[PDB]
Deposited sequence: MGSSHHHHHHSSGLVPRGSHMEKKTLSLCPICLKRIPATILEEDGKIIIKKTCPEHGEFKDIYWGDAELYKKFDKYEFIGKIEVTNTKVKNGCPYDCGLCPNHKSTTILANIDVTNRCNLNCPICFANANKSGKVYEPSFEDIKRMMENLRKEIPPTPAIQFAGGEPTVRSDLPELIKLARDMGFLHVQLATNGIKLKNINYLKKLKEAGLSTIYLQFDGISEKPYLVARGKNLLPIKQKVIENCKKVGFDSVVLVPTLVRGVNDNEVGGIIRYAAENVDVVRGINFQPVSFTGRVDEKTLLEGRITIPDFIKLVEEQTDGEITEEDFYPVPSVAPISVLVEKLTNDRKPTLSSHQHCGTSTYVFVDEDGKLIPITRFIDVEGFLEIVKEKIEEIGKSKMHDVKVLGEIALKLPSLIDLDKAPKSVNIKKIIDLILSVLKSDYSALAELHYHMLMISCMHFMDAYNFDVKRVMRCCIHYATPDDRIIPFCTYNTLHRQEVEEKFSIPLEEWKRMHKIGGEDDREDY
């Protein structure tokens, strides 16, 4: 019948206490069982496919941190953060610049617009949160403004400039895009130096928007995309909240729409719905979907152009950072998140519009093996040796006709020389297709969250993993630093200015 895979620690979904949990294989799926001393037994889906679950375990990578912000007191996941036992530095920081929003979505992990209180850090508070992120070893390389809807603050372009001034290589905006339907507003974001728009995007028909968002936003999303084309803003990531029964049938359609718009869309990052914050009862009961379920949908709905073997877990590229760090004697941000948190592939869009994953014609598995081997052999000769082996890893038969294989190889080598511009050019050639499954109290796994690489900087000088922030800390923090809406409105204007 069942057989145990792992022991771990989880949370009771009722009282949020830390409780023991078992991860088990059962009928081809991975389940998590747990017991609360007070509220009894719980059973949830952890991963939809036991075979892919075991396959991803081989890419486990344990990171290290040196700069901490909190002490051990109550043990994980209560000591965030970062406490001395966290195993990853910040790769992408989140700063919530507001809890106000110009929407009222039925699915909202932040439960925006319900507290009756306004959380809006000052420009100086945000600079200090950025300093804390930049004090890490290595410094946090990427930051995203979130909330809430960040575009409802009139000072957002100044915050984007500030992030650039503070040294972040990548400045991202998570947004519902509504204000970006005005092209002059989009122009000010580009001019301020925004790297990427992380655009909420739930489908290619009206129904997923009606369900998840409460109204048909599809024409507005389309306008935002057309505005990006008009102003030459070419770095949009579409972000579907993936809900079984709502838009699991539109996975291929979203991917095809991105590929049709690959001049401005650099990726789709699917987010299987996370039962934190605000969720409607049908979503809670019927909507659960996991990373391997998503991978299966991609294969089915792109007619086998993208297959299961094309996806890798995020830490599979941790050794690339390690190697680059050793080659250059400079500490590099390392993607050391848990192997069951997320997955990605990369595809080329050819002339006919067919999707050709880079893994179809580059032996990515073999490439990562050589990388891990050369780390063990660490020097002046490594790069040349790897450059010698790269042709044996390529299948020129399966490569797209519209792709210069020699240029891709050179860009890969330049990434190994710590050329960030080559990594960015590589992303411009391709369409990233990824899926990240943020935890909730039903599937919480302490062994995952200890490796989390996506962190909120808070106004009380903490740095808190995304998955503990949205299950345990968001209300506490927002309540401390909010003022009642009644008084906030009388002291400000709608953009947040005094």
property	result
Coordinate gaps, deposited numbering	1-17, 396-401, 522-526
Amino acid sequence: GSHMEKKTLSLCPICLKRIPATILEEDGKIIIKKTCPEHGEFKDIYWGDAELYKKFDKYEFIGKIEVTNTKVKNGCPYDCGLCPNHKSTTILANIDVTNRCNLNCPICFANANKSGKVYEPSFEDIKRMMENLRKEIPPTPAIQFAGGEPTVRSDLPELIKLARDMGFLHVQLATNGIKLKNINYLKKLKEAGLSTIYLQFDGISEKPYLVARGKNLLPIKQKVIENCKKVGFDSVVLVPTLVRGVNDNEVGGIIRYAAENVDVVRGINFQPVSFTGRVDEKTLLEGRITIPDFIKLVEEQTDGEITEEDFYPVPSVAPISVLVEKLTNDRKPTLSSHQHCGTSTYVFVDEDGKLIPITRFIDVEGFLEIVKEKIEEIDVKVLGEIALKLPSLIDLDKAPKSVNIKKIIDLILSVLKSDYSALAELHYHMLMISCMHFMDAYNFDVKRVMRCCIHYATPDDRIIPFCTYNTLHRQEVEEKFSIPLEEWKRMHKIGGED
From here on, numbers count along this sequence of modelled residues.
{"query": "483-491 or 21-29, whichever carries the higher mean Cα B-factor", "finding": "483-491"}
{"query": "Mean C-alpha temperature factor, higher of 100-108 and 393-401", "finding": "393-401"}
{"query": "Candidate residues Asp310, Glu369, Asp125, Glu250, the one whose C-alpha B factor the record puts highest", "finding": "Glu369"}
{"query": "Selection from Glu120, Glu136, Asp202, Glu325 [criterion: highest C-alpha temperature factor in the record]", "finding": "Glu325"}
{"query": "B-factor third for the C-alpha atom of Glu377 within its chain", "finding": "highest"}
{"query": "Within-chain third of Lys296 by Cα B-factor, per the entry", "finding": "lowest"}
{"query": "Position of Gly63 among the chain's modelled residues by C-alpha B-factor, lowest, middle or highest third", "finding": "middle"}
{"query": "Lowest, middle or highest third - CA B-factor, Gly304", "finding": "highest"}
{"query": "Where the record places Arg278 (Cα B-factor, split into thirds across the chain)", "finding": "middle"}
